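Comments concern the structure below.
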Amino acid sequence: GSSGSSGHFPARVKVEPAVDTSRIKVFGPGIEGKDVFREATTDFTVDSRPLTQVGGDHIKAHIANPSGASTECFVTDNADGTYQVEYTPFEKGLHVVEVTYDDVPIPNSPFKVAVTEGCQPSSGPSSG
């Protein structure tokens, strides 16, 4: 028996990271800011070695518009080792994308995607 404290429930403890996620590389317009124009379908690719080899379901992102709103993110694992997240920003501006692998942020985030005035998907002239 060992106890020297009463009338107090000390539940303060730090949780150590069980993942590296320090060598994660993300390439694509969705993260660079090329075809991420407003109302445009843009997506990036997350290559991870020591994190996954045959794709996984432990990825999650969150876009933050410069106004306050947020663009829904759609992560798609190619069941090969890399992740493909697609999102359509309904606002032309710099958003803050926060990535977290297994409840752990990467040394690349937060990210900054500066959208530029491009074109509109407005439906009109059809090809066939």
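Sequential numbering from 1, following the chain as shown.
Structure method, as recorded: solution NMR.
Just so it is clear, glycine is given a Cβ too, placed from its N, Cα and C backbone atoms.
The following features are taken from the PDB entry:
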type	residues	note
SEQADV	1-7	cloning artifact
SEQADV	123-128	cloning artifact
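Annotated features, as they stand in Swiss-Prot:
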type	residues	note
MOD_RES	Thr100	phosphothreonine
MOD_RES	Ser109	phosphoserine
REPEAT	16-115	repeat 'Filamin 11'
Next item on the list: Calculate the distance in Å between the alpha carbons (Cα) of the residue listed as 'phosphoserine' and the residue listed as 'phosphothreonine', and round it to a whole number.
Entry: 8
Margin query: Quick check: in three-state DSSP terms, what is the residue listed as 'phosphothreonine'?
Written below: strand
